[PDB]
Structures are given as structure tokens and as C-alpha cells.
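Listed here are the chains, written in short residue letters.
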Amino acid sequence: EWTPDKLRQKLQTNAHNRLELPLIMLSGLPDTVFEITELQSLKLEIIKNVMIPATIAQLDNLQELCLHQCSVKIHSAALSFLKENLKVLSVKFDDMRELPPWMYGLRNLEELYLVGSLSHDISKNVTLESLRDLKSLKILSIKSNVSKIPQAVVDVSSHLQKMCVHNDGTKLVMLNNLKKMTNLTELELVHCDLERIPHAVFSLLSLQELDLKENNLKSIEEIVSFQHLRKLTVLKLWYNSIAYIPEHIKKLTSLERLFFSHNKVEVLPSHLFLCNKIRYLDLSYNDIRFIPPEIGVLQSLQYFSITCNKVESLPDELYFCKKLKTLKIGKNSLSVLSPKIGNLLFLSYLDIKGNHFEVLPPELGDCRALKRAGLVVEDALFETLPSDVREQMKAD
Amino acid sequence: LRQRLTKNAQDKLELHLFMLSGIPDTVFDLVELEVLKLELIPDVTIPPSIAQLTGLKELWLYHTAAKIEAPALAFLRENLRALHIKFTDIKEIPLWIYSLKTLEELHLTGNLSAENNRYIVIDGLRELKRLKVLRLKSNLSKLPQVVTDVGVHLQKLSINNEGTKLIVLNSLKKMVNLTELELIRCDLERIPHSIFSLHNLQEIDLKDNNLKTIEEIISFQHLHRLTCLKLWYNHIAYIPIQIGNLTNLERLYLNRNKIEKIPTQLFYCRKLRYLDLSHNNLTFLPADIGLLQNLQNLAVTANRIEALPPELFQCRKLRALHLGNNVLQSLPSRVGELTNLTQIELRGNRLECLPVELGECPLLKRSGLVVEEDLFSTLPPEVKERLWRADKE
């Protein structure tokens, strides 16, 4: 049925920029798969009871597998070859049998994407506790209900660099495992049902990027020990219910990426602006009433998204900072736009859609890095501009 | 058969006959067919109805023991011009291939080296006169004397031994008409001097020859016509400065090597157009890349380059900037000055956000701009509308 020509014309690329075969709705693998030796990945979607032959040895370029609802078996020499060749895996398990026990037998694994539906009996998974066999595993994305962190995660404490969980409404407990992370750099706890910051997250000592998205954090209080995360530059805390940012964020002087958008903060603090190292500050769709005038310290800020907030008064101190490149104030509560905007030499993004304005000043022509495609304004207010001012951003 | 017709890389009409009892006569009734592909056809005879196959120019023989009719033999003598022969046994090759006179491209893939059949079977390629392309994926321990006899008219010698070293013995001096030499997977471990004795070569490929050192290239100025030095898939850990003497290079394929630093002398060559240094150990990119104005596709995929210098965007002819799988922290806005850019690869990088000026490139589209979806979302929805429209329009 599946000639090699059909598989050659089936060939395409995946989300990881690899040559992937999306084998979907089949009974097994064809033997003409292995004639395409240039393949780098196979997407097996709902192909159960599959026995992989040794002819996979012809797939020298293969470095990725993506098993989607497939209860696949492998043969011994094929197992050895994929042990000596494979780097990336991504297995989804709608049913437990669809997760294969053979896949942990490799040792050259770097990246793993363990999406699926794990049972709450997590510590009983000896198949999980075989990730200690993997001597190069650095990316571990478990999109499943991980209530209690496995000791499988303990066994890969050092070699791991990216740790991702989508717990999907289950509380993340047994914190001593995440205390045992030594060389982990990227902790991505997306929707782990964290009622606050866990003490495990704070016992990290080598973190660089922390994401607590969709985690109902109550406060950011323990920050007296975030100073030990001098390696941290990325703080991802948006789509949350945080209502305030205390002064304690001054502890980290290496913070660059700060996310606080879609939060319950009603007034932005000035002591948040006291830190000047912060280059990325995201606060879109917040409830901020006004910006205190201490934001002038934030000179290195290249991203201040205050768009779709409740902000009615914008101080002139923010326009003193000229390094702000990506600035979005769209759908805000402003009344007039500040004439002094020309000092922002590096300003590519300006978004003012939805916000009520009386008359667009000619000083919008004073922006140098602004572009007409970068200046998202309505057609009616596009008409309310001088022709030279129109051409200033329209003509490249 | 009409719906079975396809097209090859050479834009010729194609027909792949795989695992049939014989060969259909309705295949031979076709007139628009150009390349017929005989794969795994056990012991068939070619009917003279090949007189209908006037556009037929490439006979592809894969494991096919073919017997031949005399009028069809004459027709193939006067029409057929490209024959590819793959065989498992040295008796599987047809003996009427020597009677072909219009044949110029031959692809003898499969072991020609056997006891008392080592190049004695193909000793009949002396009868071949117009042969210019001779691909040999045949595990040759030593290069034949028969190609030393033939190479006066040969113009391309692609030898794949799949792991067997050639004892060249400078025997290419009698082979003076080569314009291309593709020594692939030969495990040479050194560049021999036969390529150096030649003068007419313009495309030199030394793929997977385990070239640890390439210090000989100082003499490559003697080769005044070389334009594509494909020194890829080797063990090259550094580039000697005498490559600066090679001003005639246009494509320098050094990808999948162990080179960790580019000397600035390599950056003297103004004629470089395809600087592919992907899958290497480069940690920084020198600014002198702005001097290389003729560069079009700079592929530094899967390197250690953390920051692109602004001088990289001095060269306005960059058509395909393959920056994927690198450690690029941020891409500077000077890419908005580039116009020839058609496909830029940024997925798999440390890129924090996509700058707005990336939308300034006219010919760039979504298929060209391959990037992670969240990285795509960082562009303004009006700029994102422009790029999505370039996908649409």
C-alpha cells in the first residue's frame, strides 16, 4: 500500500525543524519507511502494536521520535541503534500501554516531552525511575497531572537543564525532590496549582528561568534568598493573581525578563521601579491605576507593556528612558499623549489602539525608529495626520 | 501510467517501475516519458517498441538483468544518453552497455572490484567514447587503470568507496578534462596531489574523506578555475590562512566540521557566495563578513555564536540567513536593511523576542520566516498582518 514514493511525498517538517514523517491512522509501520535514510524524525499518531525492525539502522539521520497514542515495540538491534543514535523523544499516553517501557532503555537522550495523562500513582512508576539511565537528559516536559514530583526527577537532578510541567489543576507536592535539583536552569511549572511559591522552587540554587504561569500565587515574600539565584535572569509570573510587588525584588540584580501581566495588581509600586537592571517588564491587561514617578531609574528597560490596563495618568518620567524599544499602551485609560516622545530614539513598537484620544499631535513624527506598520493606529486617526507626518513612518 | 508520471530533480518526466514481473508494453507506448526507472525487474527483455519512447534519455537500471533486442539496441545506441547501473553481482551488469555510443553519464554503483573481474568487466568502457560523468559507488581499493585510459574525455569522477582509501598514485595527470571531482566517503585522511596536478577543475568535493588537516590548499592557487571547494563532512578543525590566496572560491561548504575559529584571511575572498559553516564549533563571527558583499546564504546553523555583529548586516545580499539551533541572544534591527532575504531560520535559538524591523524585508514570508509561534507573536499584529499577508498574498 505505502510505496516509497508515497512516503517521500508525505515528507514534511516538524515544530523542531527536523524532517518528520507524520504517520497517522495506520496499522503498523511500512518497511519502505527505512528507504528514506535522510529522515530525522517520525510522528507516529495512533499506530498501536507496532514492531520496529532492525532496518531502522538505515536511518542514520534519525534523532527524534514523536509517539502519539502508539503502543510500539522494538527489536534488539534496533533498540541498540536508537540507544546509540537518538536524542529527542516526545511520547503522549492517552492510555498507559501507549507509553512504552522500551523508550527509557536509551542513554543518548537529551530532550523528552512526556505529555499525556499520568495516573496519581506516580512513585510506583519504575518506568519513570529509569530516566537515571539517560546520561544526557536536559529537557523534560511532562504535560500531565503531576501531583507528587517523582524521584525519577531526583535521579536526573544534575544533567537536567529544562524542567516543564503542565499539571492541569493538581497541586504540586513533595517538595524535597525539587529541592534536590542542583544544576537545573529552567523551571517551567505551568499551572501546578501552586497556592503560593513553593519552598522547593526557592531551594533552587542554579535557576535561570522560573515560570509559574496559571499558578495562583498569593505573594512574593521569601525573596531574601533570591539573591542566591544570581544566575537567574528570567522571572515568568504572568496569568496569575498577584496583587502587589514588594521591595524584596531588589535582591536579584541580574533580573532581566520580568512577567507580571494579567495580574491582580491595582497600583504599580515605585520600589519595583527602583531596580534598574530590568530590561523586560510585562504588565499587560493589569489593573494598574497609575505609574509612580520612580520609573525614571528603569533606563535599561527595553520592554514596558502597560497596554490594556486601567492606567489613566502616565508620568513624564517614563519618557526620560530612551532605551524603551517595545512599548505598548493600547486599550489603556489615557487621555492625551505626551508631546515629549522624540528622545526615544530606539522605539519600534507603539500601540495605541482602542484608547480614547482627542487629536494626534505632530510630535508622533518626532519618533525615529517608529514605523507605520509598527505604529498600529486606526484608519480614521491615520487620516488625522499631516501628509509629511504620514510619509515619515509610511515610506519605510 | 499517465497518472503515474512524475518529475525528477532535472525537471524530466519520470516513471518508476518497482517490483514487477516484467516491463509493460504500455510503458513503452508512452511518448512524453523522459526517465524510466527499472528497479528490481527480474530478467526482462527490452522490446523494440522503445522507438515510441523518443523523449527517453535516461535509462535507470537498479538490480535489473536486462536482455536487449537488436533494433532496440540500435535505437538506444543512437538515443540513450544516461545509464545508471546498480548491481549486487558483477554478472548482473548488461554486456550491451559497451555497445552504447550516445551515452555520456554512467553511474556504476556497486562493487566493480572482484577477483579477476576487478575492472576487467568494465574494460569495455574503452568502447564508450562520449562518457563524461562516471559515478562509482563501488568500494574501489585502488582506482582503475581503465579510467586512466578513459579520463581524457571524462569530465566528472564521483567515487564513493564507503570507507576504502584510494591509492591515487598521481594517476589523474592523464585525466585532464575534469571540471568536477567528487571524492565522497573515501576515508582519504589527506588531500592527494592528483587534484593538484589537474588544472581544469572548478567543483572539488572531498566529502567525508576524514580530512583532519587541509594545509595543502596553499597550492590550490595553481587551480585557477576552482569555484566550489566542498570540504564538508570531514574532521577539519581549523582553516589555514592560505585559503585567502583562493580568491576564486564562490561556494565554500565547510559544514559538519570541527572548525572552531575562522581566520580573517579566509574573509579576504570577495567571491564567496555560499558560506555554509553549519554544525561546527564557531563561537564568534568576525566583523569582516561585511566585506563579503557577494554572500547570499550564510548558514551557521547549530553553532556557538551568541551575538551577531552589526557588520553581518553590512552585506545586503544575504538571501537565506540560516541562524537556527544557535545561541543567538537577540537579533539586531539592522536586518531591516536587508532586502534579498527570503528565508531566515531562528527557531531553536535563545532569541528573546523578534524585532519589528524583521518585517521590513519585502520578500520574506511565513514559509521563509520559520520561527516558534510565540516568537512570531512578539511582532506587532500590523507587522504580523503584513507577514501573514505575505503568507497569503
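Here the residues of each chain are numbered from 1 in the order the sequence is written, which can differ from the numbering of the entry; residues without coordinates are not included. Ligands are numbered from 1 and chains lettered from A, in the order in which they are written. Part of a larger assembly is shown, with all reported values restricted to the visible chains. Hydrogens and water molecules were not included; the side-chain quantities draw on all heavy atoms of the structure.

Going by the header, the method for this PDB entry is cryo-EM, and the resolution given is 3.18 Å.

With the PDB entry as reference, chain B is termed Volume-regulated anion channel subunit LRRC8A,Soluble cytochrome b562, source organism Mus musculus. The record deposited in the PDB is entitled "LRRC8A:C conformation 2 (oblong)".

Looking at the PDB entry, chain A carries the name Volume-regulated anion channel subunit LRRC8C, with the source organism given as Mus musculus.

## Here's the deal with the overall build of chain A
A run of H or I in DSSP counts as a helix once it spans at least four residues, and a run of E counts as a strand once it spans at least two, with each numbered from the N terminus. For chain A, the count of helices and strands is eight helices and 19 strands. With respect to the three principal axes, the spread of C-alpha positions in chain A is 70 × 50 × 30 Å. By the burial criterion, 54% of the 396 residues in chain A qualify as buried. Carbon and sulfur atoms form 52% of the exposed surface of chain A, whose accessible area is close to 17,100 Å². Between buried and exposed lies partly exposed: a residue is buried under 20% and exposed over 50% of the maximum accessible area for its type, with that area taken using a 1.4 Å probe on protein chains only. In short, Shrake-Rupley with a 1.4 Å probe defines the accessible areas, and a residue's cover is counted only from the protein chains shown.

## Comments concerning the side chain of B:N248
Residues and elements named next belong to chain B. With respect to the secondary-structure elements, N248 resides in the loop between β13 (228–230) and β14 (251–253). A distance of 3.5 Å separates a polar side-chain atom of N248 from the backbone oxygen of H224. Two residues form a contact once any of their heavy atoms are found within 4.5 Å. Ignoring any residue separated from it by four or fewer positions in sequence, one finds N248 in contact with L223, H224, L226, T227 and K271. Whenever two N or O atoms come within 3.5 Å, that pair is a polar contact, provided that in protein one can donate a hydrogen and the other can accept it, and provided that, for residues adjacent in sequence, both atoms are side-chain atoms.

## As for the interface of chain A and chain B
Tallying the contact residues gives 17 residues for chain A and 17 residues for chain B. Buried area adds together the accessible area that both of two parts lose upon being put together, with accessible area traced by a 1.4 Å probe. The contact between chain A and chain B buries some 1,500 Å² in all, and 45% of this surface belongs to carbon and sulfur atoms. For chain A, the biggest contributors to the area lost against chain B are A:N17, A:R257 and A:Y349; these three give 28% of the whole. Within this document, salt bridges are pairs made up of a side-chain nitrogen of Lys or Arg and a carboxyl oxygen of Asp or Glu, the two lying within 4 Å of each other. For the pair chain A and chain B, the number of links is three salt bridges. Note that A:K371 is salt-bridged to B:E360, the shortest N-O span being 3.9 Å. In this assembly, chain A and chain B are joined by four residue pairs in polar contact.

## Structural notes on the packing of aromatic side chains
Pairs were defined over the aromatic rings of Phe, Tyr and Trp, the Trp ring being its six-membered one, requiring ring centres within 6.5 Å. Orientation was assigned from the angle between planes: stacked under 30 degrees, edge-to-face over 60, tilted for the rest. What the rule picks out here adds up to eleven aromatic pairs over all chains. Between A:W238 and A:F259 the ring centres are 4.7 Å apart and the planes differ by 35°, which places this aromatic pair in the tilted class. Here the residue A:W238 occupies a position in the loop between β13 (234–236) and β14 (257–259), and A:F259 occupies one in strand β14, the gap between them amounting to 21 residues. Residue classification places A:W238 among the buried residues on the basis of a relative accessible area of 15%. Between B:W60 and B:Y62, the ring centres sit 5.2 Å apart and the planes meet at 75°, which makes this aromatic pair edge-to-face. Cluster of aromatic residues (ring-pair linked, three or more members): A:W238, A:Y239, A:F259, A:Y280 and A:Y303. Over the ring of A:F320 we find A:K340; its NZ or CZ atom is 3.7 Å from the centre of that ring. We call a charge positioned over a ring when the NZ of a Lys or the CZ of an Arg lies within 6 Å of the ring centre and within 35 degrees of the ring normal.

## As for the nonpolar core
Among buried residues, those of type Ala, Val, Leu, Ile, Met, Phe, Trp, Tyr and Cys that are joined through side-chain atoms within 4.5 Å constitute a nonpolar core. The biggest cluster of nonpolar side chains holds 126 residues, and the ones touching the most others in it are B:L108, B:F220, B:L275, B:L298 and B:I344. Grouped together as the second largest cluster of nonpolar side chains are 123 residues, A:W102, A:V156, A:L235 and A:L381 included.

## Describing the pattern of salt bridges
Tallied over the entire structure, the rule returns 28 salt bridges over all chains. A:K43 is paired through a salt bridge with A:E20; the nearest N and O atoms lie 3.9 Å apart. Within this pair, whereas A:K43 is found in strand β3 (residues 41–45), its partner A:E20 is found in strand β2 (residues 19–24), the two being separated by 23 residues in sequence. B:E393 serves as the salt-bridge partner of B:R389, at 3.3 Å between the closest nitrogen and oxygen. We classify B:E393 as exposed; its relative accessible area is 55%. The network of salt bridges with common partners includes B:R316, B:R334 and B:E337.

## Focus on a negative patch on the surface
A grouping of A:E378, A:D379, B:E382 and B:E385 is seen on the molecular surface, where their side chains present a negatively charged patch. Structurally, B:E382 is set in helix α6 (residues 381–392). Here B:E382 falls in the partly exposed class, since its relative accessible area comes to 33%. Each patch groups residues whose relative accessible area exceeds 30% and which form no salt bridge, using 9 Å between like charges and 5 Å between nonpolar side chains of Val, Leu, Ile, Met, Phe, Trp and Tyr. Neither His nor the chain ends contribute to the count of charged residues, in which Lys and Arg are positive and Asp and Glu negative. Where a charge lies is defined by one atom per residue type: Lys uses NZ, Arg uses CZ, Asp uses CG and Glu uses CD.

## Considering the side chain of A:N240
Residues and elements named next belong to chain A. Relative to the helices and strands, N240 is located in the loop between β13 and β14. Here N240 falls in the buried class, since its relative accessible area comes to 5%. Among the polar contacts listed, one links the side chain of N240 to the backbone nitrogen of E214, at a separation of 3.1 Å. At a separation of 3.1 Å, a polar atom in the side chain of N240 contacts the main-chain amide nitrogen of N215. Sequence-distant contacts of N240, defined by excluding residues within four places in its chain, comprise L212, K213, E214, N215, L217, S261, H262, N263 and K264.

## Observations concerning the pairing of strand β7 (residues 88–92) of chain A
Two faces belong to every sheet, and in a regular strand the side chains alternate between them. Residues and elements named next belong to chain A. Extensive coverage of β7 is indicated by the burial of four of its five residues. As judged from the five bridges shared by strand β5 (residues 64–68) and β7, these two strands associate in the parallel manner. In the strand pairing of β7, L65 is matched with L89. The pairing of β7 with strand β8 (residues 111–113) spans three bridges and is parallel. The residue bridging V88 from the neighbouring strand is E111, located in β8. Pairing between strands is defined by DSSP: at least two bridges between the two strands are required.

## Overview of a positive patch on the surface
All names here are of chain B. Taken together, the side chains of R251, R270, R273, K317 and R319 define a basic patch exposed on the protein surface. Residue position: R251 is located in strand β14. For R251, a relative accessible area of 31% translates into the label partly exposed.

## Remarks on the pairing of strand β10 (residues 156–160) of chain B
Residues and elements named next belong to chain B. The element β10 is largely enclosed, with a buried count of five among its five residues. Side-chain alternation along β10 places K156, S158 and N160 on one buried face and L157 and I159 on a second face that is also buried. The β-α-β motif built from strand β9 (residues 133–137), the intervening helix α3 (residues 145–150) and the parallel element β10 has right-handed crossover chirality. Across five bridges, β10 lies against strand β11 (residues 180–184) in parallel orientation. Along β11, the bridge assignment pairs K156 with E180. Orienting the strands away from the viewer, one traces the path from the first strand over the helix to the second; a clockwise path indicates a right-handed crossover.

## Details of unusual backbone geometry
Despite not being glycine, A:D168 has its phi angle at roughly 60°, a positive value. Residue placement: A:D168 occurs in the loop between β10 (162–166) and α4 (176–179). Positive phi values are uncommon outside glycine, yet B:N325 reaches one of about 60°. Within the fold, B:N325 resides in the loop between β15 (274–276) and β16 (344–345). By relative accessible area, B:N325 is classed as partly exposed at 36%.

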